[PDB]
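These notes are about the structure you will find just below.
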Amino acid sequence: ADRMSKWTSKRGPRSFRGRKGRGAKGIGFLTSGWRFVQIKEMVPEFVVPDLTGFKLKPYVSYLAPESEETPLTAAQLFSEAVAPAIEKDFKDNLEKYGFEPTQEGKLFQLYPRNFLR
Amino acid sequence: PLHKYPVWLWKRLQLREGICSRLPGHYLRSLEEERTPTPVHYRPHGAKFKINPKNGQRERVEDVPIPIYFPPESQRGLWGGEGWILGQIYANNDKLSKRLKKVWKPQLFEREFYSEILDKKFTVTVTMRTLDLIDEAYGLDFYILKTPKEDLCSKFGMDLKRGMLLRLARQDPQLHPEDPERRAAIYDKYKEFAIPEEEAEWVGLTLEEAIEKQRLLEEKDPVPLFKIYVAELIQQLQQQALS
Amino acid sequence: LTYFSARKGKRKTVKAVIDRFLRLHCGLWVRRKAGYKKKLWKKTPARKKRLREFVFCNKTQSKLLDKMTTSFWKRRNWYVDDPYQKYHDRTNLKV
Amino acid sequence: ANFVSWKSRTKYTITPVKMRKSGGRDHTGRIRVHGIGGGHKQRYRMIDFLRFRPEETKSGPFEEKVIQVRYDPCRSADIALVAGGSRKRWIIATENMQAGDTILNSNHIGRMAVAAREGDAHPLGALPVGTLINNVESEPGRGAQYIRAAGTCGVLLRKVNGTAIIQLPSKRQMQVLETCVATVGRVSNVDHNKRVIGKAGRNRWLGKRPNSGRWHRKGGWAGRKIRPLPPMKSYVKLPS
Amino acid sequence: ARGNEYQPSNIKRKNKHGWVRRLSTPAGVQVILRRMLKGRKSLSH
Amino acid sequence: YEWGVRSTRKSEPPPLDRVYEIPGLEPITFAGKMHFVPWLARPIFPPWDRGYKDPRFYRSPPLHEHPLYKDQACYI
Amino acid sequence: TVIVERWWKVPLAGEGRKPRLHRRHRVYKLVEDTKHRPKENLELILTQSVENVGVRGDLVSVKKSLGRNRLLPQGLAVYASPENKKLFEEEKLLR
RNA sequence: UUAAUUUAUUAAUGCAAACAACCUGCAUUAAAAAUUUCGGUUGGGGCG
RNA sequence: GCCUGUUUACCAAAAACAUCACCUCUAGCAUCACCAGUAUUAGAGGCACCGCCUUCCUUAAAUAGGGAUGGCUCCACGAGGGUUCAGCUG
RNA sequence: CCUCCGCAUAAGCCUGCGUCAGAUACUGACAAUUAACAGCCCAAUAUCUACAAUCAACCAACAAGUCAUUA
RNA sequence: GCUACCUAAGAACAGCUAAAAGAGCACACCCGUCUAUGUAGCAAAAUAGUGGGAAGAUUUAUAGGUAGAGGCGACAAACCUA
RNA sequence: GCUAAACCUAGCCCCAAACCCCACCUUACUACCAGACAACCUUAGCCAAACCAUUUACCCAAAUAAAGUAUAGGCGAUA
Ligand SMILES: [Mg+2]
Ligand SMILES: [Mg+2]
Ligand SMILES: [Mg+2]
Ligand SMILES: [Mg+2]
Ligand SMILES: [Mg+2]
Ligand SMILES: [Mg+2]
Ligand SMILES: [Mg+2]
Ligand SMILES: [Mg+2]
Ligand SMILES: [Mg+2]
Ligand SMILES: [Mg+2]
Ligand SMILES: [Mg+2]
Ligand SMILES: [Mg+2]
């Protein structure tokens, strides 16, 4: 009778409450006997770096100079990353400069994106 | 408030916008133009003026077409502009009697037709009117190629029209392969209906089919900005070297 | 009758009146007598003569007919050989 | 309604099949037949009404051993599990069919009349005239459809040309090609007439329910009436 | 005796008035469309 | 008598669009749209190959192709 | 084909305008059903000898049923079009 | 309901149409229905 | 009224509806009800299980009660409707 | 002194007498119900399965009663 | 999601008497005979006592189905969200 | 003297002009397995006719005028 409250897994009968989740991503599957098989590769592995010796801190000194925001663009990245090599080889097949014809075959495909964050 | 445009002009406005605007001009003109179908279920007036006997004066007369209902089954067949008449009658044909709902349906037959241009036999649900029209046109191919969209009133008929027109436009050797003389004879027989292939591709397409065709034509995976920037940089370097 | 039509907003004419009455322009309405064509074999010659006559209407009948017709039917008509041309106007009338 | 018929099984089997009651309802969910509903839960035993069904990669007349004779909830007749070669099947049991009996199923129309032993199936052409029969086909190989209820027995009235005249239990004559198979004898459970229901509860167990409004037409049931002609209208209801 | 005609059950509620059943027919789609036009916070039940 | 009533048997696929019967032209289907629409032709999808391979979504080959299949029928 | 006619006359729409139809304009009377018309004959030119009709190159009036079911489908005859008539005339004068 | 009006729809036939099935049109007969009405005078009603 | 049951949710629980039993009418048959049935079947209507044959008494006073194809037969049962003995009781 | 009451599950409800602070089981804030119970299943294709239950042993039947596995 | 009927798959029915029962008495449970209370009530049909059924044509939970001239009806024109 | 009483803009009306991250169809807002059902088909009636039974105006694609005219119509209501 409550049409306004959000539909959660706390509300229906036993089957409803078991079936609905809370947004947690799946980790494996269910076999016969409702035994849950957890797939290791499905579990997000946290790639945490070693922070020993790191100099950066959560905050920045107010003594730091102010600067103008210049959002990075594809043109700027190309100029700062590919243009030098292109000029040096033109003065003297784009895969040599970094371009890849297709994202297929890569672990981290840029589109459709196949990696977290 | 009021709309800037009348609501009945909204479809035309939409046609003048978006992908429908990118649609080819000849197809858009074919959609926009509307011709009254040939009278089928009513007898047209002989002339534009008539001496009505009641007062003996010359009065203008108009032919008001009977609304015809075409069930979706008709789009899979060739009904010669014939369809269901959904109307009403006066019982015993006197206006002072009851008014009854009456549906007149055409007598449908299944017949096999051979298309010379397509070298194929089609089994088509058909009417005696369609058979008579085919006889008057001297064959199924002539009937399909002569009859306009409105008189044909069949999605299957318009698809046959598109197929025949494409065959003629391409002069496709797939018509009787290994018999070029026969193929040329057929094409010469139906020469007068030949049109450019760019136009024959769009014959008989519904608006949604045409939109999908245009979207498929103009769908291109975006060129990587790497290629664009490389071309621009090489062009700029060429200009700098020349200067 | 229809005082305001749905398509023009105009007042309509009751065509039953036009099919039956003649309006003389001065404001007189002429009519035939009821039954003037019915069972003449059983009517006396005097009764038939009375029935074959064109007859004027009352003041209230005329007012009703005027209300039931529009101004088009109350105009001057200059027909070629109208038999009622002389009757369209009143002469030597005192009040 | 989301009604799907329970008669979906495609492969013949001996195992009783769980059958769903209808209640007299169409697939539309509306009552089509009144007076049906409830009753004891039943399981359906698929009856092979084509008695001459030679086994796979086999042909010719074959014999079968009556494994057992059983009550069938879905029929007036009792059924017989009968086994031949390497298969078992349910057939309609005849009056004196017993466990361990032997049954013959033949397609051979002998020139002479075959000795008609109760329970075996022969083409109607092979039977003597006047023999009691049951499980009669209408067409050769169609499968038995007539004379199937308990204790029923048609009579092979006549045989001329390739056509036989059968007297159905309703005492109506039927013409069937003599190549159509029928089994000899009357159907079993011959005392089905004499069973007394005794109480309304037993009918309710059998799945018959008391139902009213069985006609659904305006005014309900209305017996046919003779509409008098105009000359006869003057005498329809003459007063005393 | 009367008044308690509502005997709640979420299965029946969702199966009878839910979004899926509303969309399952053109009439229910028009129900949802009317609620959207009116601005109802709750389109379906 | 055949077992299995029609209403329970798998429904026959709808008849092919007449556009597929006309030799020279390519039908316009909703395959490009990646979803069904009722006013476009129904695509003819090639059979999908990578399907019956995953262990939890596996289809066994027909009995004829099994390694121990033998024409002579044993009785176990 | 069923040919129908309005019981109620439709008022004239004009030149560029479309007639406005009301409920009474959907009442029709059947003036004729073409299927009940007497059968006519189809003019065909024969290409192969056919029993009791002709031999070849001769214009024949055949029942529409025969013409559309046997002669034309089997190639025994061709439509009596002007082109076919001319071609068979050239054949006749070349023989 | 033996009130009036219909038979659009089904079901039968018949005649045309398509070459037996199936189907279209036109009729006729039914079933099922549908629409509509309940004048005036005489304490009321019956018969008037 | 055969019986057990059912019914006017919210003024009627009954003699009404149903019911076994019986009768009548209709139907010779397959793949969605009837029915995965086939005349000992199915559908509809009627009827009512069954079985057989064809002025006096009561009170003192009693408009109350009981007794001198149909006709009949009440075994049992009933919060049915009447009557009564005795007892019991504000 | 009283109760066919109580405790649990289901279904339903959704924080609705826990703590604190303001009011007169209200308002606000803070806290809380931890899976073993329960739900959420099954890799398919074929082929298999006549033999009730009722202490299931005698006796007692008819209304004839899902139990789906194996290569 | 009431109610009427139905479908699928469940569940309940002490004790005594009797013996395989639409059996008897009588709990739970279902109902609603009669009386009283109540009558803006605790209640838009309740309470108390009494009473009928209570292994069945029983009662009942869950899910599904039949929709308005329609459904459903052991026919009361009953019931289909007071 | 209590309860009250009063207020003015919050907005609204009619014109003109102008054409206007993630989740979610399964029990919606639910990361993740064999599809295929996929839509189209005269409005009726209230009402007027003082009942009613034929009939009884209704986004039309230039306002005005022709003209409530010609016509239609239980030739009547009306159109
Ligand atoms: Mg309930
Ligand atoms: Mg004009
Ligand atoms: Mg009784
Ligand atoms: Mg009783
Ligand atoms: Mg009551
Ligand atoms: Mg009562
Ligand atoms: Mg007394
Ligand atoms: Mg007990
Ligand atoms: Mg009992
Ligand atoms: Mg009931
Ligand atoms: Mg009654
Ligand atoms: Mg009126």
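Below, all heavy atoms of this structure are taken into account, side chains as well, without hydrogens, waters or symmetry copies. In what follows, chains are A, B, ... by sequence order, proteins preceding strands, each numbered from 1.
For the P atoms, the distance from I:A9 to K:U33 is 10 Å, rounded to whole Å. Distance check on atom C1': L:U54 versus L:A79 gives 14 Å, rounded to whole Å. I:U40 and K:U3 are spaced 41 Å apart, taking the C1' atom of each and rounding to whole Å.
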Exercise. F:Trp3 and D:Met46: side chain to side chain contact (heavy atoms under 4.5 Å, CB included), yes or no, with the steps?
Worked result: CA-CA 9 Å; F:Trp3 302 103; D:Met46 313 174 95; 3.4 Å; yes
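Taken together, L:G74 and L:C52 meet the test for a Watson-Crick or G-U wobble pair: both N-N or N-O distances fall under 3.5 Å. A Watson-Crick or G-U wobble pair links K:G15 with K:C25, both defining distances under 3.5 Å. For the criterion of Watson-Crick or G-U wobble pairing, both bonds shorter than 3.5 Å, the nucleotides K:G10 and K:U60 count as partners. Between J:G22 and J:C48, the two key atom distances do not both fall under 3.5 Å in a Watson-Crick or G-U wobble layout, so no such pair is counted. Nucleotides I:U63 and I:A13 are not base-paired: the Watson-Crick or wobble atom pairs do not both lie closer than 3.5 Å. By the Watson-Crick or G-U wobble test, with both distances required under 3.5 Å, K:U35 and K:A63 do not count as a base pair.
Residue D:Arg172 is the one, among D:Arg172 and D:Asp26, whose nearest nucleotide of RNA chain I lies closer to the 5' end (criterion: closest heavy atom). With RNA chain L read from its 5' end, the first of the two nearest nucleotides for A:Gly28 and B:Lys54 is the one closest to A:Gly28. Along RNA chain L, the nucleotide closest to B:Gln14 and the one closest to A:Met42 are compared, and the more 5′ of them pairs with B:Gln14.
Contacts of residues 9-18 of chain A with RNA chain L (heavy atom under 4.0 Å): A:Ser15, A:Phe16.
Note: CG (B:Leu100) to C1' (L:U43) measures 16 Å, nearest angstrom. Between D:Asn211 atom CG and K:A4 atom P the separation is 15 Å, expressed in whole Å.
In the displayed structure, B:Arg60 atom CZ is contacted under 6.0 Å by more than 12 heavy atoms of other residues, nucleotides or ligands.
For A:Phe36 and A:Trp34, the ring centers are positioned 6.0 Å apart or more. In this structure, D:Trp6 has its ring center closer than 6.0 angstrom to the ring center of D:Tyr44. Taking the six-membered ring where the residue is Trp, the centroids of B:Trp10 and B:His3 are separated by under 6.0 Å. Aromatic ring centres of G:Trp7 and B:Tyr90: separated by under 6.0 Å.
Taking side-chain N and O atoms only, B:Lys98 has no distance below 4.0 Å to OP1 or OP2 of H:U36.
Residue D:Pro73 forms a side chain to side chain contact (heavy atoms under 4.5 Å, CB included) with just one option from D:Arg43, D:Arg45, D:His40, and that option is D:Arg45.
Here L:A49 has a north sugar; its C1'-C2'-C3'-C4' angle has a plus sign. Using the sign of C1'-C2'-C3'-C4' as the criterion, K:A78 is classed as north-puckered.
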